[PDB]
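Enquirer: Coordinates only, no sequence provided:
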Ligand SMILES: *[C@@H]1O[C@H](CO)[C@@H](O[C@@H]2O[C@H](CO)[C@@H](O[C@H]3O[C@H](CO)[C@@H](O[C@@H]4O[C@H](CO)[C@@H](O)[C@H](O)[C@@H]4O)[C@H](O)[C@@H]3O)[C@H](O)[C@H]2NC(C)=O)[C@H](O)[C@H]1NC(C)=O
Ligand SMILES: *[C@@H]1O[C@H](CO)[C@@H](O[C@@H]2O[C@H](CO)[C@@H](O[C@@H]3O[C@H](CO)[C@@H](O)[C@H](O)[C@@H]3O)[C@H](O)[C@H]2NC(C)=O)[C@H](O)[C@H]1NC(C)=O
Ligand SMILES: OC[C@H]1O[C@@H](OC[C@H]2O[C@H](OC[C@@]3(O)O[C@H](CO)[C@@H](O)[C@@H]3O)[C@H](O)[C@@H](O)[C@@H]2O)[C@H](O)[C@@H](O)[C@H]1O
Ligand SMILES: *[C@@H]1O[C@H](CO)[C@@H](O)[C@H](O)[C@H]1NC(C)=O
Ligand SMILES: [Fe+3]
Ligand SMILES: [Zn+2]
Ligand SMILES: [Zn+2]
């Protein structure tokens, strides 16, 4: 009923979910899975109700009948008067980041280099860059393009996982959850920051949130914006201040999905949960903040201002957009009446 079971990916998200559960009086409860895909499955079975997903998984989930309910909304500049929950979503910029000291490394010389991806199947870390690379190469062997990488979710024995490090014990190497050191936006960027990889496929925001004192995490403490460069599709290199003219694409924001028969109810519970634990929430920062977790982006991205209502009750195809939807279809022809489970 007004009770919602959230699906947590990995033990760290489980921990944050439990706090949220404790503070919600149990209006929100938790289920945990090792992978986002397993979480998709728990929702289909009806053992969990919702979770926040990157666009790539929204695509997987959509083919299986799950729908967009509310989307992450971060601070903008245009469309000022509108409240956050009513304001349109902008989408983030997918970028390719390199070290400035690594001269002569451009989009046109990425072959045989070392890469850092958020996870297999994600928008900025995989779908966009690999779709572009397959497109340009005219060959479905994206697994041979880079010499070594860390792409959580690929075969641990393959070169796509050679750069991944697992947890502090060396266990769970390449798993697509935060236990993997170089998982997600922050992980992929850390992979580049520590010179494990030559390039990182992350979003524009990740660079800003983890440099010039914004992080304080020990690996990011001393990172400086000028030491990084974005790779543009025209073979050029630009400062990270130029993301508007040097991105690989703009991605649809992450969004909360659920089985359609449960959407209306998940929507009403969440809107109330954010009134309590959101940005200007009754109990944040006092008791619990839904959008905080110190640069780890647990359950939701840390830069989320609020969860917004979607305009025009969009299907997953409309929400992702035709442009992005055909990009994925074309890449998956390498790896359509579907649903993977
Ligand atoms: C690439 O991604 C970066 C990071 O997301 C984008 O830069 C961000 O732009 C925001 C708006 O477009 C900036 O937020 C506004 O609101 C706050 C409050 O008014 C301003 O100051 C903040 O103060 C708090 C202190 O409590 C700090 O937490 C913030 O760091 C900031 O100092 C801010 O000046 C601005 O008016 C936001 O600050 C900014 N983020 C950072 C880390 O600088 C960037 O636009 C984007 N590029 C493109 C092309 O999209
Ligand atoms: C990989 O290559 C494929 C195939 O060339 C790319 O797909 C193509 O994408 C374009 C742009 O999305 C599609 O064109 C669009 O057509 C509509 C209809 O007129 C129009 O409104 C848009 O303005 C645009 O012109 C095109 O149909 C599609 N081609 C095929 C065969 O699917 C794909 O984008 C490439 N991958 C990446 C990541 O770019
Ligand atoms: O979530 C962010 C992404 O949304 C994707 O689909 C959802 C979103 O986008 C549509 O598109 C373009 C446009 O209307 O959005 C803004 C302001 O929101 C503009 O810049 C545009 O005019 C749709 O019409 C929206 O209602 C919806 O919220 C989309 O594929 C991505 O581009 C990105 O916006
Ligand atoms: C839990 O749900 C009830 C039913 O709407 C609501 O009245 C109450 O405020 C909620 N409590 C918390 C802590 O969210
Ligand atoms: Fe993403
Ligand atoms: Zn563009
Ligand atoms: Zn529609």
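Expert: Cool, the structure landed. Numbers count the residues shown, from 1 in each chain. Ligands and ions are numbered 1, 2, ... in the order given.
Enquirer: Going by C-alpha atoms from here, please, whenever you check contacts or count neighbours.
Expert: Fine.
Enquirer: what secondary structure does the residue in the stretch 1-150 of the chain positioned nearest to ligand 1 sit in?
Expert: Taking CA to the nearest ligand atom as the measure, the point where the stretch 1-150 of the chain comes nearest ligand 1 is residue 76, at 4.9 Å. Of the three states, residue 76 takes coil under DSSP: H, G, I helix; E, B strand; the rest coil.
Enquirer: What distance do you get for it to residue 22?
Expert: Between residue 76 and residue 22 the computed distance is 32 Å (CA to CA, to the nearest Å).
Enquirer: And for residue 160, nearest residue in space, chain neighbours not counted?
Expert: Closest residue to residue 160 apart from its sequence neighbours, by CA to CA, 6 or more residues apart in numbering: residue 149 at 4.7 Å.
Enquirer: Show me what the helix or strand harbouring the one you found pairs with in its sheet, parallel or antiparallel.
Expert: According to DSSP states H and E, residue 149 maps onto strand 148-150. Based on DSSP bridges, the pairing partners of strand 148-150 within the sheet are strand 114-117 (parallel).
Enquirer: Can you give me the buried ones in the helix or strand just after the strand it pairs with?
Expert: In the C-terminal direction, the helix or strand that comes right after strand 114-117 (DSSP H and E) is helix 128-137. Using 16 or more other CA atoms under 10 Å as the test for burial, helix 128-137 gives 128, 129, 130, 131, 132, 133, 134.
Enquirer: Just list the residues touching the closest residue to ligand 1 within the stretch 151-300 of the chain, thanks.
Expert: Residue nearest to ligand 1 within the stretch 151-300 of the chain: residue 205 (3.6 Å; CA to the nearest ligand atom). In this structure, residue 205 makes contact with residue 92, judged by CA atoms under 8 Å, 6 or more residues apart in numbering.
Enquirer: Residue 151 too?
Expert: If you count contacts by CA under 8 Å, 6+ apart, residue 151 has them with 116, 117, 118, 119, 120, 160, 161, 164, 174, 183.
Enquirer: how much space between the residue nearest the centre of the chain and residue 177?
Expert: Centre of the chain computed as the mean C-alpha position; nearest residue by CA atoms, centre = their mean is residue 54, 4.7 Å away. Counting by CA to CA, the gap from residue 54 to residue 177 is 13 Å.
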